[PDB]
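K.L.:
Encoded as structure tokens, here's the structure I'll be asking about.
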Amino acid sequence: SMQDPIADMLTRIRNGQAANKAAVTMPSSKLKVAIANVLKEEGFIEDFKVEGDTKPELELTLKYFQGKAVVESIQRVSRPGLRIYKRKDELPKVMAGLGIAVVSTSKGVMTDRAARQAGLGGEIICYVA
Amino acid sequence: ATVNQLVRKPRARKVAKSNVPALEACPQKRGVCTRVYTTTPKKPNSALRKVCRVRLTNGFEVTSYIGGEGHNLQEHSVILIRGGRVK
RNA sequence: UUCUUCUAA
RNA sequence: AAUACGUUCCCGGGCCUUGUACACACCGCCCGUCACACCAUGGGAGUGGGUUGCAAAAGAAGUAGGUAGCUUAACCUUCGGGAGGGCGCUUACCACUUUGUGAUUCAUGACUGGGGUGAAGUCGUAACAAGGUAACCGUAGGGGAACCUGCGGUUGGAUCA
RNA sequence: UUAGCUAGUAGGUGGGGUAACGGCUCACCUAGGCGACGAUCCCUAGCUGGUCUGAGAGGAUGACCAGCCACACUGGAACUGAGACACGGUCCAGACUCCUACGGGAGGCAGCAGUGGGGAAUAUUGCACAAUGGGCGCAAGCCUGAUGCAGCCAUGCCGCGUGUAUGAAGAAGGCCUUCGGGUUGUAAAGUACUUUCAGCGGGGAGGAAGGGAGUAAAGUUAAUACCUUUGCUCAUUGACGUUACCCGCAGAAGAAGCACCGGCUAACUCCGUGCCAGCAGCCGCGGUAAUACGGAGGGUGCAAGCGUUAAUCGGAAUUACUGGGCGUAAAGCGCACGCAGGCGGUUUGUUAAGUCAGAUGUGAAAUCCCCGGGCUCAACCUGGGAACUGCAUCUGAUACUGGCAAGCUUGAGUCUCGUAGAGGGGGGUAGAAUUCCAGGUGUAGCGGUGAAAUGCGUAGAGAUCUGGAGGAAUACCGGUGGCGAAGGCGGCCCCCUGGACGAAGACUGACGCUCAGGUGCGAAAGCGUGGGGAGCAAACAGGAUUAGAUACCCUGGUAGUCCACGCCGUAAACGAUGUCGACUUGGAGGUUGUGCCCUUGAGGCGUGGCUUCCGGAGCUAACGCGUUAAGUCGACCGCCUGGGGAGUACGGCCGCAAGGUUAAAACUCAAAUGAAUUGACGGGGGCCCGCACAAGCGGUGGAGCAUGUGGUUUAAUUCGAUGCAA
RNA sequence: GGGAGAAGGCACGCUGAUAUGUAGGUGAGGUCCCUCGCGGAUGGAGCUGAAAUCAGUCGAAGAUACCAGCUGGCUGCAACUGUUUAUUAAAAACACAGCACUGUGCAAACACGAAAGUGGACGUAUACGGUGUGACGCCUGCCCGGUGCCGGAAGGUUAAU
């Protein structure tokens with residue numbers, strides 16, 4: 001049943017944009033926060049609110065612009081059936097670099113343009129555009 | 001199309017064959033005339049197509065269209081074929 | 001209740 | 001003059017509607033035996049090749065082992081021999097070759113099975129409309145041929161004071 | 001449609017053997033070894049750098065150059081030697097060829113030429129060791145069919161010509177024409193100019209540098225012998241060679257051709273031709289006016305070549321890793337189970353495997369790329385660089401994925417009370433019906449169809465009542481209800497038994513998902529033994545029916561339908577939608593729980609499970625789906641790849657068989673196909689009209705003649721009209 | 001299950017070694033227990049004795065004599081083991097398990113018996129009698145006119161009376 005919480009997360013983001021919701025909540029993970037603390041920093045969400053003691057629940061705030069949405073695309077690169085590990089030179093450019101690609105390297109979670117300036121590759125999670 | 005199925009079984013690209021097998025990947029092959037005759041074609045056209053039954057080099061017995069208008073062909077004659085179907 | 005068929009431009 | 005109740009049916013036309021594989025348009029499309037012709041093929045008493053397994057036979061040359069025999073310039077030496085070598089002997093291995101039995105593959109084969117194809121044949125008209133017994137899947141039976149019928153299922157079927 | 005393979009095999013011990021280790025060999029133990037990550041067997045094949053295509057991913061490919069390997073008439077074996085199982089060595093067997101006085105011998109172009117052969121097709125018994133090397137020698141040298149040259153083929157890649165200006169009378173002529181003209185066409189003619197190349201004649205580098213001799217000095221030694229080293233002279237060394245290059249010479253001279261014009265795709269007329277001749281990559285042209293045939297003119301495309309065929313990728317995303325789909329266009333197994341398999345909640349450490357980073361090694365050269373250089377440029381040659389996408393090693397890195405431990409509880413699973421149910425087997429039991437049997441009553445028909453008839457009846461049927469027997473199914477309830485994974489399950493009762501849901505809880509600690517191969521279930525018909533057999537009903541029989549009726553209809557009627565136990569394993573086994581998650585507008589229901597509110601009556605507010613219709617976004621080729629997705633995403637499995645052939649052949653598998661199952665190929669076509677639109681049509685449905693029918697009356701068709709047509713006849717019976725509409 | 005001893009091929013003597021008798025079999029005297037026996041263990045002398053390997057060695061030949069299968073391929077018929085023409089015929093004939101029909105409710109049917117009675121059967125329809133067919137596999141169509149058989153009792157016919 002539960003084969004990924006990450007692909008659960010991005011689709012809950014994806015279906016919440018079209019549903020025009022302001023708050024998408026889900027149970028939280030350590031890796032989930034490490035991604036959610038990028039897109040606020042990268043300016044694709046407005047707020048995330050990690051709460052919950054017995055079980056942490058991540059509650060998001062969707063960023064909307066001129067009525068319509070901000071997240072024009074949200075994907076998954078390394079799926080659980082097929083993992084993706086690209087070096088620092090094979091880091092992509094989402095929408096010719098205008099979008100961002102979330103990569104997890106040994107130095108935590110960052111974006112690809114930071115990882116190029118970090119000069120070290122790793123596991124590409126998803127594409128956000 | 002699941003990659004595990006793609007792992008357990010590769011994509012079988014379909015293998016195509018020649019429509020002109022008697023030349024056996026040659027440009028032209030020598031032949032011997034066996035019977036020279038005419039043949040009515042199929043429904044949309046009505047003619048007497050001059051044509052010859054040919055014994056080849058490799059023992060194959062094929063038919064091959066006589067192009068042009070008029071010829072001097074006999075049986076037991078040495079000819080040369082290039083290919084091409086007649087529709 | 002019964003009742004068929006129309007060649008090849 | 002007669003007669004018109006009437007619109008059930010007939011013929012035609014219009015309108016809405018539905019079905020539809022039709023579209024030089026139901027005088028439409030369409031099917032299968034059968035007859036003829038063409039094309040490749042299945043099967044097939046067999047037939048002739050190729051390849052190979054298997055079980056043994058086979059033992060040239062060669063080398064290795066043994067060696068009664070014949071033999072033997074350097075070396076030992078009493079000068080007699082010593083070892084060794086030669087030659088032959090036999091043994092081991094093995095090529096050529098042979099036997100049987102299989103297997104596999106190609107070619108061929110009286111005859112026979114369907115298949116596909118026809119600008120004109122013969123027989124019927126099953127399907128397409130409720131195609132004039134709705135259609136079709138299974139399965140079984142029957143029957144020149146489409147097919148028919150029984151049981152079960154499907155709608156990918158029309159009808160409705 | 002190759003699943004089992006192996007006995008020195010696999011391992012050990014010991015001995016032997018080889019340069020070396022080791023069933024390398026042998027002996028003796030052990031029974032191992034291998035395989036679904038494809039062993040085994042069959043088919044095909046020298047391998048790589050590379051080459052070709054492709055944007056890439058890839059695909060194909062291995063001539064030429066390289067690196068390796070293998071082979072040398074065939075089959076064998078050793079020998080020798082550091083190195084051989086030796087193309088140009090031996091020995092044996094074979095084959096073939098040759099010589100012989102017949103006793104015997106000899107022979108190996110896959111070296112370079114060449115000959116024959118085969119073939120669609122691939123060159124000279126060519127020259128020369130000058131250079132470059134290689135072998136021997138102190139050297140000189142000797143040899144080299146390695147090597148450097150020439151011939152040969154538009155075999156390929158390049159570079160170059162076959163002139164340049166001018167020239168309208170728009171010449172002639174051709175073609176075409178609206179006969180006016182147009183076009184060929186500045187094209188040619190003519191004029192002025194140029195002489196590249198080829199030719200001819202003359203001239204004239206580099207590749208020839210080295211080395212070689214004679215000499216000088218130094219070193220070495222007793223040496224000023226020799227020798228060595230370094231200077232100096234004499235001569236050189238060229239096969240190509242009549243070189244590269246340079247001047248003369250002469251004239252526009254000696255030098256352009258294929259393919260194409262219907263669309264696809266750049267470029268049209270005319271004339272011949274009449275489904276003939278033909279054309280043809282595809283669609284398709286020719287059946288008297290052809291831009292598609294043939295010819296001409298004109299034009300387009302290329303060019304010393306131009307076409308056709310062959311052959312490979314691309315286009316083709318048409319196997320979709322990049323980069324596909326499976327509701328109906330091909331495609332989700334009939335479902336369920338489940339191993340291997342792949343996949344995995346959460347949190348903490350650990351590990352550092354994967355992964356990432358760095359560094360070393362290697363990834364030969366060539367090639368390709370980039371920057372240069374050289375040949376008059378170009379092709380070509382060549383310098384440097386990058387690249388060679390890898391692999392090995394070392395140093396890290398710790399987010400994730402693993403590995404290791406510990407936890408947590410949401411996932412998953414128990415415990416507790418209940419709930420609904422055609423959920424399952426087993427055994428009873430009812431009531432109607434039908435049939436049959438027996439009897440009473442009673443009389444002449446019954447039955448069936450569209451009509452009938454077969455049939456049943458006076459031997460008393462039918463009908464009617466009474467009695468009895470038997471099998472099968474279980475009205476009403478009943479429901480776009482219920483349950484089961486489906487296949488499916490329907491009177492009532494009993495016995496055994498399953499699943500689901502809900503409620504409060506308690507617990508467990510990730511215990512999960514999917515699942516090739518495997519296992520079970522699995523409608524109906526069919527099969528096997530037994531049983532049973534009312535009704536019904538293939539086949540079959542009769543009767544109709546019709547042109548025919550092996551059918552539809554009637555009257556019969558058997559397997560079969562029922563039961564027990566087994567086989568078969570297919571169904572439009574359909575929701576034509578595989579399973580388990582998560583998210584995402586609603587409305588109207590059905591069914592089944594369970595809280596609250598006074599139930600203030602059949603009420604309201606909740607909260608679950610399941611299911612039906614509608615329908616938003618979204619998606620969809622459309623149709624539609626639409627919180628039970630055909631929406632958005634996750635995991636894993638099954639499948640698809642033009643149509644016919646064909647789920648067929650041939651093998652295997654399974655079965656008593658029927659068959660099931662696995663699963664092609666040849667050949668053939670340019671379609672097949674899905675939705676949806678417009679018409680048309682329906683022995684489809686509504687609504688309306690018409691001397692359409694009905695209601696009427698008179699006629700035609702009988703007769704004779706008139707008139708017209710057909711036919712026949714004729715020397716000729718002029719021609720045309722020929723359903724309705726001659 | 002078989003076919004299949006398919007077919008086909010190899011070994012075979014003697015001597016020695018292994019081991020001057022081995023594998024094995026038998027098993028004392030000993031020794032201990034002993035409820036002491038027509039004992040139990042232990043114990044192994046003794047005798048008896050395969051099979052194999054290795055190495056020799058003889059012949060033309062070693063299962064040397066006697067003894068003791070000719071095999072293969074196709075097809076007819078019957079499935080088979082069986083039974084038979086004593087004394088010219090052993091089979092395709094018969095029988096057969098199997099199948100089908102039919103009869104029969106026990107004082108059975110039926111048979112032998114003038115009868116009594118007996119067999120049937122001390123069996124009771126999963127029984128018995130008869131006929132046909134002859135395993136097993138796949139099967140087994142049509143015709144009741146005829147001839148039989150069965151069922152019917154309306155009418156015609158009709159005995160003794």
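The chains in the structure tokens are called A, B, ... from first to last as shown; in each chain the residues are counted from 1, and the ligands are counted from 1 in the order shown.
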Each residue of chain A lying at most 7 Å from chain E should get a row with its shortest atom-to-atom pair and the distance in Å to one decimal, counting only C-alpha atoms (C1' of nucleotides); could you produce that, ordered by chain and increasing number, as a Markdown table?
P.N.:
```
| residue | atom | partner | partner_atom | distance |
| --- | --- | --- | --- | --- |
| A:1 | CA | E:581 | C1' | 3.7 |
| A:2 | CA | E:581 | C1' | 5.3 |
| A:3 | CA | E:344 | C1' | 5.7 |
| A:4 | CA | E:634 | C1' | 6.8 |
| A:7 | CA | E:634 | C1' | 6.3 |
| A:8 | CA | E:582 | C1' | 6.0 |
| A:11 | CA | E:633 | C1' | 5.7 |
| A:12 | CA | E:583 | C1' | 5.2 |
| A:15 | CA | E:584 | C1' | 5.7 |
| A:19 | CA | E:584 | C1' | 6.7 |
| A:85 | CA | E:355 | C1' | 6.7 |
| A:87 | CA | E:356 | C1' | 6.8 |
| A:104 | CA | E:399 | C1' | 5.5 |
| A:105 | CA | E:399 | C1' | 5.3 |
| A:106 | CA | E:399 | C1' | 4.7 |
| A:107 | CA | E:399 | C1' | 6.1 |
| A:108 | CA | E:399 | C1' | 4.3 |
| A:109 | CA | E:399 | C1' | 6.4 |
| A:120 | CA | E:357 | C1' | 5.9 |
| A:121 | CA | E:356 | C1' | 5.4 |
| A:122 | CA | E:356 | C1' | 5.2 |
```
K.L.:
Print the selection's residues with N, CA, C and O atoms to a file, as an mmCIF file, in the first residue's frame.
P.N.:
```
data_model
loop_
_atom_site.group_PDB
_atom_site.id
_atom_site.type_symbol
_atom_site.label_atom_id
_atom_site.label_comp_id
_atom_site.auth_asym_id
_atom_site.auth_seq_id
_atom_site.Cartn_x
_atom_site.Cartn_y
_atom_site.Cartn_z
ATOM 1 N N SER A 1 0.818 -1.206 0.000
ATOM 2 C CA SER A 1 0.000 0.000 0.000
ATOM 3 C C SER A 1 0.848 1.251 0.000
ATOM 4 O O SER A 1 0.985 1.926 -1.015
ATOM 5 N N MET A 2 1.399 1.562 1.162
ATOM 6 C CA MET A 2 2.224 2.749 1.338
ATOM 7 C C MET A 2 3.609 2.469 0.783
ATOM 8 O O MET A 2 4.441 1.845 1.440
ATOM 9 N N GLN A 3 3.862 2.927 -0.435
ATOM 10 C CA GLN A 3 5.154 2.692 -1.053
ATOM 11 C C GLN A 3 6.065 3.907 -0.990
ATOM 12 O O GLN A 3 7.276 3.765 -1.196
ATOM 13 N N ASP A 4 5.517 5.086 -0.682
ATOM 14 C CA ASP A 4 6.281 6.321 -0.552
ATOM 15 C C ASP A 4 5.449 7.369 0.174
ATOM 16 O O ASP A 4 4.269 7.560 -0.142
ATOM 17 N N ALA A 7 6.146 10.735 -2.715
ATOM 18 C CA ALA A 7 5.197 10.784 -3.812
ATOM 19 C C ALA A 7 3.778 11.027 -3.329
ATOM 20 O O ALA A 7 2.974 11.585 -4.079
ATOM 21 N N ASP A 8 3.461 10.632 -2.096
ATOM 22 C CA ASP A 8 2.212 11.050 -1.479
ATOM 23 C C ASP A 8 2.197 12.556 -1.275
ATOM 24 O O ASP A 8 1.175 13.211 -1.504
ATOM 25 N N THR A 11 1.969 14.769 -4.688
ATOM 26 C CA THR A 11 0.652 14.672 -5.295
ATOM 27 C C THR A 11 -0.382 15.410 -4.456
ATOM 28 O O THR A 11 -1.285 16.057 -5.003
ATOM 29 N N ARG A 12 -0.245 15.365 -3.126
ATOM 30 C CA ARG A 12 -1.127 16.159 -2.276
ATOM 31 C C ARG A 12 -0.885 17.646 -2.466
ATOM 32 O O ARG A 12 -1.807 18.454 -2.326
ATOM 33 N N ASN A 15 -2.581 18.052 -6.194
ATOM 34 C CA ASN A 15 -4.031 18.087 -6.211
ATOM 35 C C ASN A 15 -4.601 19.235 -5.400
ATOM 36 O O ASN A 15 -5.771 19.580 -5.584
ATOM 37 N N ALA A 19 -7.365 22.172 -6.578
ATOM 38 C CA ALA A 19 -8.507 22.292 -5.687
ATOM 39 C C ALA A 19 -8.596 23.660 -5.035
ATOM 40 O O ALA A 19 -9.575 23.920 -4.326
ATOM 41 N N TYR A 85 20.560 8.798 -9.320
ATOM 42 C CA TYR A 85 21.743 9.358 -8.688
ATOM 43 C C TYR A 85 22.563 10.004 -9.788
ATOM 44 O O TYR A 85 23.208 9.305 -10.573
ATOM 45 N N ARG A 87 25.516 12.954 -10.946
ATOM 46 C CA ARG A 87 26.687 13.661 -10.468
ATOM 47 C C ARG A 87 26.453 15.165 -10.515
ATOM 48 O O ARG A 87 25.386 15.649 -10.903
ATOM 49 N N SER A 104 19.031 15.687 -3.035
ATOM 50 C CA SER A 104 19.622 15.376 -1.742
ATOM 51 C C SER A 104 21.014 14.832 -2.013
ATOM 52 O O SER A 104 21.180 13.829 -2.708
ATOM 53 N N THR A 105 22.016 15.520 -1.503
ATOM 54 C CA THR A 105 23.379 15.028 -1.482
ATOM 55 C C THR A 105 23.766 14.752 -0.043
ATOM 56 O O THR A 105 22.956 14.895 0.865
ATOM 57 N N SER A 106 25.038 14.406 0.165
ATOM 58 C CA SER A 106 25.557 14.196 1.513
ATOM 59 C C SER A 106 25.498 15.461 2.361
ATOM 60 O O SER A 106 25.430 15.371 3.591
ATOM 61 N N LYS A 107 25.495 16.636 1.741
ATOM 62 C CA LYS A 107 25.294 17.882 2.476
ATOM 63 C C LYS A 107 23.816 18.242 2.568
ATOM 64 O O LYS A 107 23.413 19.356 2.251
ATOM 65 N N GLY A 108 22.998 17.303 3.026
ATOM 66 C CA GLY A 108 21.591 17.569 3.236
ATOM 67 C C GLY A 108 20.800 17.738 1.947
ATOM 68 O O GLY A 108 21.064 17.121 0.919
ATOM 69 N N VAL A 109 19.809 18.621 2.031
ATOM 70 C CA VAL A 109 18.870 18.878 0.944
ATOM 71 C C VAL A 109 19.036 20.322 0.501
ATOM 72 O O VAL A 109 19.030 21.236 1.334
ATOM 73 N N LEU A 120 29.046 19.177 -5.954
ATOM 74 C CA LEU A 120 28.924 17.786 -5.560
ATOM 75 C C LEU A 120 27.509 17.318 -5.844
ATOM 76 O O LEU A 120 26.543 18.010 -5.521
ATOM 77 N N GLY A 121 27.399 16.149 -6.472
ATOM 78 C CA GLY A 121 26.134 15.628 -6.921
ATOM 79 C C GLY A 121 25.518 14.674 -5.920
ATOM 80 O O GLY A 121 26.028 14.458 -4.821
ATOM 81 N N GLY A 122 24.399 14.084 -6.329
ATOM 82 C CA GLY A 122 23.727 13.132 -5.471
ATOM 83 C C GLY A 122 22.428 12.594 -6.026
ATOM 84 O O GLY A 122 22.322 12.296 -7.219
#
```
K.L.:
What are the closest atom pairs, with distances in Å to one decimal, for all residues of chain D lying within 12 Å of chain B? Consider only C-alpha atoms (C1' of nucleotides), order rows by chain and residue number, and present the result as CSV.
P.N.:
```
residue,atom,partner,partner_atom,distance
D:38,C1',B:39,CA,11.6
D:117,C1',B:42,CA,10.5
D:118,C1',B:42,CA,8.9
D:119,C1',B:43,CA,5.6
```
K.L.:
Run DSSP on the backbone and grab whatever in chain B lands in strand (DSSP E); send it over as a ChimeraX atom specification.
P.N.:
/B:29-39,49-56,61-65,78-81
K.L.:
Residue 33 (chain A): which residues within 9 Å, counting only C-alpha atoms (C1' of nucleotides), same-chain residues fewer than 4 positions away excluded, as a ChimeraX atom specification?
P.N.:
/A:28-29,37-38,48,50,58
K.L.:
Hey, which bits of chain B sit within 8 Å of chain E, and for each residue what's the closest pair of atoms and how far apart in Å (one decimal), counting only C-alpha atoms (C1' of nucleotides), rows by chain and increasing number, as a tab-separated table?
P.N.:
```
residue	atom	partner	partner_atom	distance
B:4	CA	E:342	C1'	7.4
B:11	CA	E:319	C1'	5.2
B:12	CA	E:319	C1'	5.9
B:13	CA	E:319	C1'	5.5
B:14	CA	E:319	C1'	7.6
B:25	CA	E:310	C1'	6.0
B:26	CA	E:310	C1'	5.2
B:27	CA	E:310	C1'	3.9
B:28	CA	E:120	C1'	4.9
B:29	CA	E:120	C1'	5.5
B:30	CA	E:120	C1'	7.1
B:45	CA	E:275	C1'	6.0
B:46	CA	E:275	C1'	4.9
B:47	CA	E:275	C1'	6.9
B:68	CA	E:278	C1'	7.9
B:69	CA	E:278	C1'	7.3
B:82	CA	E:309	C1'	5.0
B:83	CA	E:309	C1'	6.3
```
K.L.:
Quick one: residues within 12 Å of residue 56 (chain F), only C-alpha atoms (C1' of nucleotides) counted, chain neighbours fewer than 6 positions away excluded, as a PyMOL selection string?
P.N.:
chain F and resi 14-17
K.L.:
Using only C-alpha atoms (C1' of nucleotides), determine which residues lie at most 8 Å from region 1-8 of chain C, disregarding the query and same-chain residues fewer than 6 positions distant; provide the list as a count of residues only.
P.N.:
7
K.L.:
Which polymer residues have any atom within 8 Å of an atom of region 137-154 of chain D, counting only C-alpha atoms (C1' of nucleotides), with same-chain residues fewer than 2 positions away left out, as a PDB file with C-alpha atoms (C1' of nucleotides), in the first residue's frame?
P.N.:
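Output contents, as saved in result05.pdb:
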```pdb
ATOM      1  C1'   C D  31     -22.186 -15.261 -47.406  1.00  0.00           C
ATOM      2  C1'   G D  32     -20.692 -20.329 -48.229  1.00  0.00           C
ATOM      3  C1'   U D  33     -20.580 -24.970 -50.737  1.00  0.00           C
ATOM      4  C1'   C D  34     -19.815 -26.196 -55.478  1.00  0.00           C
ATOM      5  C1'   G D 124     -29.287 -21.101 -51.986  1.00  0.00           C
ATOM      6  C1'   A D 126     -27.147 -16.557 -43.208  1.00  0.00           C
TER       7        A D 126
ATOM      8  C1'   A E 523     -21.278 -21.497 -15.637  1.00  0.00           C
ATOM      9  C1'   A E 524     -23.512 -24.377 -19.132  1.00  0.00           C
ATOM     10  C1'   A E 525     -22.849 -28.329 -22.422  1.00  0.00           C
ATOM     11  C1'   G E 526     -19.786 -32.743 -22.684  1.00  0.00           C
ATOM     12  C1'   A E 537     -35.874 -31.355 -24.646  1.00  0.00           C
ATOM     13  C1'   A E 538     -30.678 -31.834 -29.065  1.00  0.00           C
ATOM     14  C1'   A E 539     -30.934 -35.894 -32.271  1.00  0.00           C
ATOM     15  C1'   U E 550     -32.252 -31.516 -43.580  1.00  0.00           C
ATOM     16  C1'   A E 551     -35.503 -24.632 -40.659  1.00  0.00           C
ATOM     17  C1'   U E 570     -13.578 -23.766 -21.550  1.00  0.00           C
ATOM     18  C1'   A E 571     -18.019 -19.136 -21.479  1.00  0.00           C
ATOM     19  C1'   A E 572     -19.743 -11.789 -24.378  1.00  0.00           C
ATOM     20  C1'   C E 574     -18.152  -8.379 -19.256  1.00  0.00           C
TER      21        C E 574
END
```
K.L.:
As a PyMOL selection string, please: the residues near residue 111 (chain D) (cut-off 12 Å, only C-alpha atoms (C1' of nucleotides), same-chain neighbours under 3 positions excluded).
P.N.:
chain D and resi 43-46
K.L.:
Just the alpha helix (DSSP H) stuff from region 38-129 of chain A, please, per backbone DSSP, written as a list in words.
P.N.:
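So, restricting region 38-129 of chain A to alpha helix (DSSP H), we get residues 38, 39, 40, 41, 42, 112, 113, 114, 115, 116, 117 and 118 of chain A.
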K.L.:
Between CA of residue 46 (chain A) and CA of residue 60 (chain A), measure the distance and give it in Å to one decimal.
P.N.:
7.7 Å
K.L.:
Which one of B:3, B:33, B:66, B:71 sits closest to residue 53 (chain B) if you count only C-alpha atoms?
P.N.:
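Of all the options, B:33 lies closest to residue 53 (chain B).
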K.L.:
What is the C1' of residue 611 (chain E) to CA of residue 16 (chain A) distance in Å?
P.N.:
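Atom-to-atom, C1' of residue 611 (chain E) and CA of residue 16 (chain A) are spaced 28.9 Å apart.
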K.L.:
So how far away is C1' of residue 89 (chain E) from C1' of residue 86 (chain D), in Å?
P.N.:
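Rounded to one decimal, the two atoms are 25.7 Å apart.
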